[PDB]
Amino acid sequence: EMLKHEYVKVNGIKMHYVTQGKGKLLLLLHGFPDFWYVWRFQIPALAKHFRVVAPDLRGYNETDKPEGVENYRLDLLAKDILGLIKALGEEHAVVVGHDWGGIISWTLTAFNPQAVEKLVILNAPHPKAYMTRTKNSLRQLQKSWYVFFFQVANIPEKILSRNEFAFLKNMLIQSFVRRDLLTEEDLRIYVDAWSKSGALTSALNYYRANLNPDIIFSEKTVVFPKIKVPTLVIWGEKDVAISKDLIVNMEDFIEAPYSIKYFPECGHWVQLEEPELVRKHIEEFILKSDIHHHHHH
């Protein structure tokens, strides 16, 4: 059965996703400035075993793009995924998230553990670690320069988009470990998703709603339940956007089986750089029995 495109109403918006395979629901959630297509190396391999669903998140590509910054608050983003699980006819999913998708995945898992059977994170800090540590970390504040850039209304969208997205392409390419990670053909495909009307504003609204300076430098402390479901973290260490300072003691946030696979020579997009090892680690993690009553048989 091939890859198919589908559209479903969730949490008041119409969400586009692609799906391939049958079996356990395995959600793959992209981040900025990607869309479902970031998972193109994992979808067919994982679809050999699982029902893979890769949505475009609120605001992105073919998904609806509500107006207004407060329509991009993280609680709504997580509810979109909760609603997607239900709309797919399911009650539980294995949830894999990269970048913003990882932020949403940590959140959904912490606040809605009933919906998440197992959690996989690629290169997204735990939200509490980001909120606690960034204000005190010059290294992270530097790496988060673009978060502050994106807070200004109107102007960042125009800058990123001018000259057929020259700055967005350049800023994206400079975030990679090797400059040639995406082909020109990949870049054409990305420009098509970036050009959907309203998409770029909606994507930057995630930073305006959730990472504005009042939040970053808040004196309030964020209450975040411990993660209570098995968790796999895949981490490219050469990540331009996230300091290793933010993943120190990351296992403290987890009260369940936890494994981390470090990729010392990979950056923020390990799924594009070591696709086969990513696929393998995810599959082994999902298929591992949680009950071990036949050692060495």
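Start at 1 with the first residue shown and count on from there.
S.K.: Mean C-alpha B factor from the entry: is it higher for 218 to 226 or for 170 to 178?
M.R.: Result: 218 to 226.
S.K.: Averaging CA B factors per stretch from the PDB record, which one is higher: 44 to 52 or 22 to 30?
M.R.: The recorded data point to 44 to 52.
S.K.: Sort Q140, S202, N210, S105 by C-alpha B-factor from the entry and give me just the highest.
M.R.: In the PDB entry, the greatest C-alpha B-factor among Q140, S202, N210, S105 is found at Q140.
S.K.: Based on the PDB record, which member of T183, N123, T109, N71 exhibits the highest Cα temperature factor?
M.R.: Of the candidates given, the C-alpha B-factor peaks at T183.
S.K.: Which third, lowest, middle or highest, does the CA B-factor of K65 fall in along this chain?
M.R.: As the PDB entry reports it, the C-alpha B-factor of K65 lands in the middle third of its chain.
S.K.: Quick check for you: using the entry's CA B-factors within this chain, is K280 in the lowest, middle or highest third?
M.R.: For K280, whose C-alpha B-factor we compare with every modelled residue in the chain, the answer is the middle third.
S.K.: Using only modelled residues of the chain, where does the Cα B factor of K158 rank: lowest third, middle third or highest third?
M.R.: It belongs to the middle third of the chain when residues are ordered by C-alpha B-factor.
S.K.: Looking at the C-alpha B-factor of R133, is it in the lowest, middle or highest third of its chain?
M.R.: Middle third - that is where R133 ends up once the chain's C-alpha B-factors are sorted.
S.K.: What third of the chain does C266 rank in for C-alpha temperature factor, lowest, middle or highest?
M.R.: It falls in the top third of the chain.
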